[PDB]
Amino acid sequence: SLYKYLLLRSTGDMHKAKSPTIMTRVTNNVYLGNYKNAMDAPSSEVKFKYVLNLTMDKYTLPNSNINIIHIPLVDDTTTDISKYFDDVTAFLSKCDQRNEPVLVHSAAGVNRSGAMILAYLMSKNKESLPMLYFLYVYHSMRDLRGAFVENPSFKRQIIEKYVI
């Protein structure tokens, strides 16, 4: 079933992109979100230890004890994001090992953040053929979120690192 699903999605059976609104729990401790979700982090049902801010602006949450890690990226078709895949995925893996909730976010919660979450999931996959796992994670996340790594340059970088 999941296989027929992947092949139909892969041949144009996708919905038009829609903006995510709510935070998504991706793993036990790793969450994916947009800017509003980051602003709402301190009051979230989840007790975040970390927020990974992938936007260009270095904001603060001065009334919170959250540690905000800033990795400034631009959502464009020219930026290398792959230079940070190894260190970001190692950091997210450590958050999961230590049960330290972390919110990975960008402005829209689609491209810079979606790409780091896709990299994390690919990095954690030791079981499945990378090509199949990539299609599965891509489409299942997109169906859940509404839009997920729409930026084709970011998708290309994920494919180069984890599939090719």
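Throughout, we count residues from 1 along the sequence that is shown.
Q: Would 113-121 or 45-53 have the larger average of its C-alpha temperature factors, as given in the entry?
A: Per the PDB entry, the higher value belongs to 45-53.
Q: Take the C-alpha B-factors listed in the entry for 93-101 and for 34-42, compute each mean, and give the stretch with the larger one.
A: Per the PDB entry, the higher value belongs to 93-101.
Q: How does residue 87 rank on Cα B-factor within its chain, lowest, middle or highest third?
A: It falls in the middle third of the chain.
Q: Quick check on the deposited entry: does the C-alpha B-factor of residue 17 sit in the lowest, middle or highest third of its chain?
A: For residue 17, the deposited C-alpha B-factor lands in the highest third.
Q: Ranking the modelled residues of this chain by C-alpha B-factor as given in the entry, is residue 26 in the lowest, middle or highest third?
A: Within its chain, residue 26 is a highest-third residue by C-alpha B-factor, going by the deposited values.
Q: Please say which third, lowest, middle or highest, residue 147 falls into when its CA temperature factor is compared across its chain.
A: As the PDB entry reports it, the C-alpha B-factor of residue 147 lands in the middle third of its chain.
Q: Which third of the chain holds residue 2 when residues are ordered by C-alpha B factor: lowest, middle or highest?
A: For residue 2, the deposited C-alpha B-factor lands in the highest third.
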